[PDB]
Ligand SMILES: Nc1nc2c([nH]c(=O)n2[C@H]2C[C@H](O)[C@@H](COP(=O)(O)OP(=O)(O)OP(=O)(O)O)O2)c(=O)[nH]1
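The form deposited without the ligand is given below as one chain in structure tokens.
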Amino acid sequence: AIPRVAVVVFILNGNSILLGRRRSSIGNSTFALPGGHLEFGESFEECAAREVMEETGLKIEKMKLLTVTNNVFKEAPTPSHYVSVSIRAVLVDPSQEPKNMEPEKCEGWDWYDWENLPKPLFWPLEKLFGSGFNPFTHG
């Protein structure tokens, strides 16, 4: 069991970010960002765009590094440890509608306003926001 790298993406659209409820052994039914495992040789930005495309169909651009978090799930059915690298991005076409391209892993994607975020948030996301982190203004 070793720590595994994931990239997670804050897609900023107006005052909103894209979230979707997980269908997963970890954080089931909680609202989370699009994202996934970093592949060998891939950059953070390449991973962000690929994962967003694979999961939502959305085309993003202007990717920027935000932060990194350490997320240990010792009590999961398969104990897991993720190191999650967060990336900010925007839509190439702000009118583009999300699709649920991996519908066995997510209930669906929707936009949520920064001042009216849904609950329950996936714990790594809630914990990060609890530190005061704001993807619109960070860095």
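So that there is no doubt, residue numbering starts at 1 and follows the sequence shown.
Missing here is the form solved in complex with the ligand; even so, the following discussion is about that form.
Undergrad: Among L66, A49, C106, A32, which has any heavy atom within 4.5 Å of the ligand in the deposited bound form?
TA: The option sitting close enough to the partner is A32.
Undergrad: The chain here is shown without the ligand. Which stretch in 92-100, 110-118, 57-65, 24-32 comes within 4.5 angstroms of it in the deposited bound form, by heavy atom distance?
TA: Contact-bearing stretch, as computed: 24-32.
Undergrad: Closest heavy atom of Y82 to the ligand in the deposited bound form, within 4.5 Å or not?
TA: So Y82 counts as contacting the ligand.
Undergrad: Is any part of 7-21 within 4.5 angstroms of the ligand in the deposited bound form by a non-hydrogen atom, and which residues would that be?
TA: Only a single residue, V8, comes within 4.5 Å of the partner.
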